[PDB]
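Descriptive analysis of the structure
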Amino acid sequence: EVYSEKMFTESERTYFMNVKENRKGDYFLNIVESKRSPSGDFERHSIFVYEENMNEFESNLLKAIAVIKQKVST
Amino acid sequence: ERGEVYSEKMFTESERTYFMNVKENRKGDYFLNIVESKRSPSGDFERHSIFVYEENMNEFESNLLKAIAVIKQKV
Ligand SMILES: [Mg+2]
Ligand SMILES: [Mg+2]
């Protein structure tokens, strides 16, 4: 791991933002959603993005988020 | 599609394809859904899906951009 940030929320949902380096030396982004169940177990949902797709992934996320931000401020 | 505000599909040169969706719940709140569909060596498609709700959108965006900035500066 090169970078790792844990984003708690006020609910039982926590997000992890991880940057890791592979063997070829390439970087990848890993976004994780971890949700606590009433039993104290965790469900985790994990997405990976290769550095070669980073600009396009970022542009696409920003566009989708922008829709929500506009609605919220609307 | 009723309940879907926004939907985009992103092919890559890898076995990973992405979907960025904005959905609307019963109350009219918007929420984000990010999906990675990964083709396995065998031909089965695994699907990974994350949801982010309105109350966490700004912080999620900020944290996502901060991690991406790490990659930007390290290339
Ligand atoms: Mg919490
Ligand atoms: Mg492909």
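Residues numbered from 1 in each chain as written, not as in the entry; some residues may be left out. Chains lettered and ligands numbered in written order. Heavy atoms only, no water.

This deposited entry lists X-ray crystallography as its structure determination method and 1.90 Å as its resolution.

1. Remarks on the side chain of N33 of chain B
Residues and elements named next belong to chain B. This is how the line gets drawn: Runs of H or I in DSSP of at least four residues are treated as helices and runs of E of at least two as strands, each being numbered from the N terminus. Here a polar contact is recorded for every N or O atom pair within 3.5 Å, except that within protein the pair must consist of a potential hydrogen donor and a potential acceptor, and residues adjacent in sequence are included only if both atoms are side-chain atoms. The contact criterion used throughout is that any non-hydrogen atoms of two residues lie within 4.5 Å.
In this structure, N33 sits in strand β3 (residues 30-39). Separated by 2.9 Å, the side chains of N33 and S49 make a polar contact. Ignoring sequence-local partners within four residues, the contact set of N33 consists of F19, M20, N21, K23, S49, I50 and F51.

2. Digging into the coordination of the magnesium ion (ligand 2)
Ideal geometry at a metal centre: 109.5 degrees between donors when four sit tetrahedrally, and 90 or 180 degrees when six sit octahedrally. Note the threshold: With water omitted from the atoms examined, metal sites may look incomplete; donors here are N, O and S atoms no farther than 2.8 Å from the metal, or 3.2 Å in the case of Na, K and Ca. Think of it in three bands: with a 1.4 Å probe and only protein chains considered, a residue is buried below 20% of the maximum accessible area for its type, exposed above 50%, and partly exposed in between.
The protein atoms that coordinate the magnesium ion (ligand 2) are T12 of chain B (O) and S14 of chain B (O), at distances spanning 2.3 to 2.4 Å. Across this residue pair, the class does not change: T12 of chain B and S14 of chain B are buried.

3. Observations regarding the interface of chain A and chain B
As a reminder, the rule being used: Here the quantity called buried area is the total loss of accessible area, with a 1.4 Å probe, experienced by two parts when brought into contact, counted for both. Salt bridges are defined as contacts in which a side-chain nitrogen from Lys or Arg sits within 4 Å of a carboxyl oxygen from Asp or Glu. Note on residue classes: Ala, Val, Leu, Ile, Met, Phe, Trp, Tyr, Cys and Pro are nonpolar, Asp, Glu, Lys and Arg are charged, and everything else, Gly too, is polar.
Of the residues lining the interface, 39 residues belong to chain A; the matching set on chain B comes to 44 residues. In total, chain A and chain B occlude about 3,900 Å² of area from one another, counting both sides; carbon and sulfur atoms represent 71% of this. When residues of chain A are sorted by the area they lose upon contact with chain B, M7, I47 and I68 of chain A head the list and together hold 15% of the total. Counting every contact that joins chain A to chain B gives three salt bridges. Between the two partners, chain A and chain B, sit ten residue pairs in polar contact. Here the element with the most residues in the side of chain A that touches chain B is helix α1 (residues 54-73) of chain A; it accounts for 15 residues. In terms of residue class, the side of chain A that touches chain B is made up of 25 nonpolar, five polar and nine charged.

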